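Visitor: Sequence first, structure after; it's an experimental one.
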Amino acid sequence: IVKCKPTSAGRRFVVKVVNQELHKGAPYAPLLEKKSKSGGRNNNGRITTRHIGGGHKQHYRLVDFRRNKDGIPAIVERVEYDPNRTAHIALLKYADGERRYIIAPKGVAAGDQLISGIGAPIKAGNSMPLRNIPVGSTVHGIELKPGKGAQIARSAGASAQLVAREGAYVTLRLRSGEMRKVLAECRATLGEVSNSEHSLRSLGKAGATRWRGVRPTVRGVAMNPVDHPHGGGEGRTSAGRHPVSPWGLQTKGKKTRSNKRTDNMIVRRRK
Amino acid sequence: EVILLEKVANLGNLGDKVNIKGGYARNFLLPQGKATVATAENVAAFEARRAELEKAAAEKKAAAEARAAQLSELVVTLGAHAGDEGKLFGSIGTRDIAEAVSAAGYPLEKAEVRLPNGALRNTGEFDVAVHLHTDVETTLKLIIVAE
Amino acid sequence: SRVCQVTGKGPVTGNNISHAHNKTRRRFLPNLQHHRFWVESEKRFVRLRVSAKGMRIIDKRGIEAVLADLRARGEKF
RNA sequence: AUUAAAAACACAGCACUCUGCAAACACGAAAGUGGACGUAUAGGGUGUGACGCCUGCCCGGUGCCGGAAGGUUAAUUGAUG
RNA sequence: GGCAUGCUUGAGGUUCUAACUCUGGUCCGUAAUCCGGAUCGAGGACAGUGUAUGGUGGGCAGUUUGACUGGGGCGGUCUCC
């Protein structure tokens, strides 16, 4: 993590994250495919999600989440950059070829973990079911329906903690603060996700956000009464309604969960 | 409403007619063959098979007497992990336990089970709720040893 | 469309009268759910979306009197 | 676009809050699609606008959040006269 | 008074699977995983959907907001002795 010298008006506050562990140039080619840019537009053609557009060409990488190979020792080749994600991914190699990308744990550059219904059991990077692990451990990549794949604790530097165990349900405390009960045969992976040098970065200039795929936002007090309920005014007005979405939704604190189907699996709400 | 044909439920009889909820007869009894709606059309045929109904009531309990001598033997030795450590590390099983109670027990296996007490804690003999009835069940004894 | 495969119920229209008689339009939709019905002759479930008034008529004739005249007006079950 | 190029709008940066995945949210009579083939170091919304030193008191009014003890309170039942 | 147990019935609590549910897994139609069908896995009388009813609801719509007046706006005045 380096600082930049103020040579220009853009370079004054750029904070980079450089890494020399990353493999310089190539992706492995059969694990790579085409991805198109949406613009934030559904099949009616209209903008649903605002402030998206532009950017750069990207290839989607088929990152493996199931880890269904069992009893095979896998050996890491190298750690690569992945553009549609905040973590680093690793290239694996099993005992008989069959290379494959996974989310990289804290271990890097040819360790050899073992992916099984239980084996070699404890490292960073061993996948094994959630009943055969000690309490108080830190895991990541947690399935919720068995066979479906990792859904929770998957972004950069993220993890969860085991707390309790009884019956079919193995309770864990999420990164947010919510404590879920999770069914016990869903697999998970010991350790933490690789790139934690990511909350320490600053873009510096206005055109740095724009070549990543985020389009300018405009405030609601600088519009007309026809466009946004904060509306127009004379001079700078305090927008004399209570603060509200452009569709009429209260925004400074209003509980909006209404699922009413998964409420049994939650122990404690996030506070 | 319907005419009963089974005797091993909690209200069943030989040929008594009962009045039950519409969802309990539509969904459960009739698509298996344990009851029949009361009619006035084939009633000359139901009276002819009353001798065949009581011979069927002297055979369903006869096969059960030659069956209970193989269920409570408790000779099933499940090969789970966690030999001599103390911490839960064994393969408990929710789909592989139905094949274990069918290779040396009753051959029926279908587990649509509502359970928050599925997996078991540290190494020892505990109980797994298995498919035993259709509107109740109790838990079956499981032996967990080393591998 | 929201029709039944036994009784032939369709959506109708009407009003939505207030307490000062401000007429405005709504639709009356028939109750109708998916459900599976066992037959004995073809020994298989058939699934067809019927009303709750279609569930009562199936409780009257039983399955096959209502299945046959559904075929005898030329439909897929 | 064709009388207004600004002190206006943007902005990197800052804070608040909602969202545990079939997510909040949006477009759709509905099927479904965006979000996102992403998973809280993420995604929506509202204000202020690099940097430096800082951000005081008031919870009565209005809104949101929390709590149920007690009061009133909807069709639905229909005693009694 | 209650004693018992029954007969029915409300309200609450737990559990079970067979209804419904699965934007789960693998077979089949199929050279497609959209859609079905078969089987296991999860939830489970909840969710969800009709119809009757409460609440919130400028998100949206149809509309109303008088006259005399030494210009009309402000103020004063509209009936009876």
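Guide: Happy to help now that I have it. Numbers count the residues shown, from 1 in each chain, chains lettered A, B, ... in the order given.
Visitor: how about the strands in chain B?
Guide: Applying DSSP state E to chain B gives strands spanning B:2-4, B:35-37, B:78-79, B:126-129, B:139-142, B:144-145.
Visitor: So for RNA strand D, which of those sits nearest?
Guide: Taking C-beta to the nearest atom of the strand, strand B:126-129 is the member of the strands of chain B nearest to RNA strand D, at 23.7 Å. Backbone N, C-alpha and C define where each C-beta goes, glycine included.
Visitor: how about the strands of chain B in JSON lines, adding mean neighbour count and distance to residue A:88?
Guide: Compiled in JSON lines, the strands of chain B are given as follows (neighbours: other C-beta atoms under 10 Å in any protein chain shown; distance: least, C-beta to C-beta, whole Å):
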{"stretch": "strand B:2-4", "mean neighbour count": "17", "distance to residue A:88": "65"}
{"stretch": "strand B:35-37", "mean neighbour count": "15", "distance to residue A:88": "63"}
{"stretch": "strand B:78-79", "mean neighbour count": "14", "distance to residue A:88": "39"}
{"stretch": "strand B:126-129", "mean neighbour count": "16", "distance to residue A:88": "41"}
{"stretch": "strand B:139-142", "mean neighbour count": "15", "distance to residue A:88": "43"}
{"stretch": "strand B:144-145", "mean neighbour count": "18", "distance to residue A:88": "40"}
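Visitor: Looking at those, spot the one closest to chain A.
Guide: Closest of the strands of chain B to chain A is strand B:126-129, at 9.6 Å (criterion: C-beta to the nearest C-beta).
Visitor: by contact count, what packs against the closest one?
Guide: Counting contacts by 3 or more C-beta pairs under 8 Å, 6 or more residues apart in numbering or on different chains; DSSP states H and E, strand B:126-129 is packed against strand B:139-142.
Visitor: If you count neighbours, what's buried in stretch A:176-195?
Guide: Neighbour-count burial for stretch A:176-195, counted by 16 or more other C-beta atoms under 10 Å in any protein chain shown, picks out A:179-195.
Visitor: How about stretch A:205-213?
Guide: Quick answer for stretch A:205-213 (16+ other C-beta under 10 Å): residue A:213.
Visitor: Start and end of it, how far apart?
Guide: Counting by C-alpha to C-alpha, to the nearest Å, you get 14 Å between the two ends of stretch A:205-213.
Visitor: Quickly check: that stretch near RNA strand D or not.
Guide: Yes. For stretch A:205-213, a contact with RNA strand D is found by C-beta under 7 Å from any atom of the strand, at A:205, A:206, A:208, A:209.
Visitor: Out of these, which comes closest to RNA strand E?
Guide: Nearest to RNA strand E among those: residue A:209, at 30.0 Å, using C-beta to the nearest atom of the strand.
Visitor: For that closest one, give me its contacts.
Guide: Listed by C-beta atoms under 8 Å, 6 or more residues apart in numbering or on different chains, the contact partners of residue A:209 are residue A:203.
Visitor: quick check, it in a strand?
Guide: No. Read with DSSP: H, G, I helix; E, B strand; the rest coil, residue A:209 is helix and lies in no strand.
Visitor: Show me the helices in the stretch 101-250 of chain A, by range?
Guide: A:206-210 (DSSP state H, counting those that start in this stretch).
Visitor: how about the strands in the stretch 1-150 of chain A?
Guide: Ranges of strands within the stretch 1-150 of chain A are A:2-3, A:15-16, A:32-34, A:59-61, A:72-73, A:79-80, A:89-94, A:97-103, A:114-115, A:127-129, A:138-140, based on DSSP state E, counting those that start in this stretch.
Visitor: now for the fifth one, which elements pack on it?
Guide: Okay, so that is strand A:72-73. Using 3+ C-beta pairs under 8 Å, 6+ apart: strand A:72-73 touches strand A:114-115.
Visitor: The strand it packs on packs against which elements?
Guide: strand A:72-73.
Visitor: Paired strands for the strand it packs on, with orientation please.
Guide: Strands that pair with strand A:72-73, judged by DSSP bridges, come out as strand A:114-115 (antiparallel).
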